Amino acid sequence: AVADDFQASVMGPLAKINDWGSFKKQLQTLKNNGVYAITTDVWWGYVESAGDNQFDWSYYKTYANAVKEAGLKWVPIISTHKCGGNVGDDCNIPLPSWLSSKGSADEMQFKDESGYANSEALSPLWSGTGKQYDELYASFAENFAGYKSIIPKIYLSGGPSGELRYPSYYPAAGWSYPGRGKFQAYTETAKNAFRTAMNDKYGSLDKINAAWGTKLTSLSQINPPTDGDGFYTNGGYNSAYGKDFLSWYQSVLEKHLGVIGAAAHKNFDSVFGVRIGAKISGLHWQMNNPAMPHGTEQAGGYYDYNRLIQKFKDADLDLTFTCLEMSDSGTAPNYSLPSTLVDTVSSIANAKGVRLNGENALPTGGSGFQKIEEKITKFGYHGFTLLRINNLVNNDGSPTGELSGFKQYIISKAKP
């Protein structure tokens, strides 16, 4: 069964609201169907665009006012990531542009196996990332304290697309599905952080060689994989070196979760006092590829789900997972097993007492709702958020054909 406190929420639209009357009609219809809350990307690029610590919350106060007036709860996602920004993308909401003048690009960004630089979110390795998020959370808390009664939960963005991961798969870097993507530790800052991490762990270059079986003559010859595709088949993954690299690669995300979690708790616990959550990506493809098993997950930063989910527990953050609507396939060439992935992550979270919340990866309907229903009831989910509002209600406020199924399968699980 779903958890005793289960509620169904719906993600708001991607595009900035420019017709408030239309959005209000949509909100009324969702409320009339028993929807609990609206989840909302609160874009960093919208709210601190003019300068460091120069805030503009007015659009989101309007947004929150509309949600409140419709009798809905509001679940803000503090979205410290970029939306699109490449020609043809369906949004263009970059990080605040002044950030570029505050630290070195190398320390602030991600670089892939081929040298492609990605700026979808600030690197956890930048000294200024934690400080910037702390200021932003403080500002949110200060500006939205008067909205306490309508905010039941707050989400953090742990990286690209609001997910705690590396920007490992990116169309503008040459990626297309079902590519495993690429490791994202090729900035000098990342390479040096890995060298420093290994020197700290083993104590010297010679002790690193002792652990790895290598014959390096300087720390500067230590690098991330210089060929990611064959990282399993070439003995990389199974090697002491490969395990050290992947563990470290994941540890960067884990420390980041700790930092942003602590900043969120510090700013929110005495103002809102609600559950705070973050999201793990559903990297469901290349799971069972014989030549690169779990290659997509690994490039994204996922080496050990037990340990990663333990960090959620330690940081006292709830876990949102995705792909709840998808079925297992496992066939070449996609090697995609999202339903098994959901079971894996969900089972681990429940074993640890980490509260689960769910989302669909892609717009869905029909059988998608029955799959979501299976997951939320098998694993005692505390919430489900449907992406997105226009898949349930048209601009004029009329239901799509899917609202009925969403209501019958999902909303009906909630106590009103």
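For every residue, the number given is its place in the sequence shown, counted from 1.
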Between 282-290 and 211-219, the record assigns the higher mean Cα B factor to 211-219
With B-factors read from the PDB entry, the higher C-alpha mean of 230-238 and 67-75 is in 230-238
Of the residues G261, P225, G300, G158, the one whose Cα carries the largest B-factor in the deposited record is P225
Among the modelled residues of its chain, the C-alpha B-factor of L125 falls in the third labelled highest
Quick tally, chain-level thirds of C-alpha B-factors: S404 sits in the highest
Sorting the chain's modelled residues by C-alpha B-factor and splitting them into thirds places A185 in the middle
Among the modelled residues of its chain, the C-alpha B-factor of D56 falls in the third labelled highest
Among the modelled residues of its chain, the C-alpha B-factor of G383 falls in the third labelled lowest
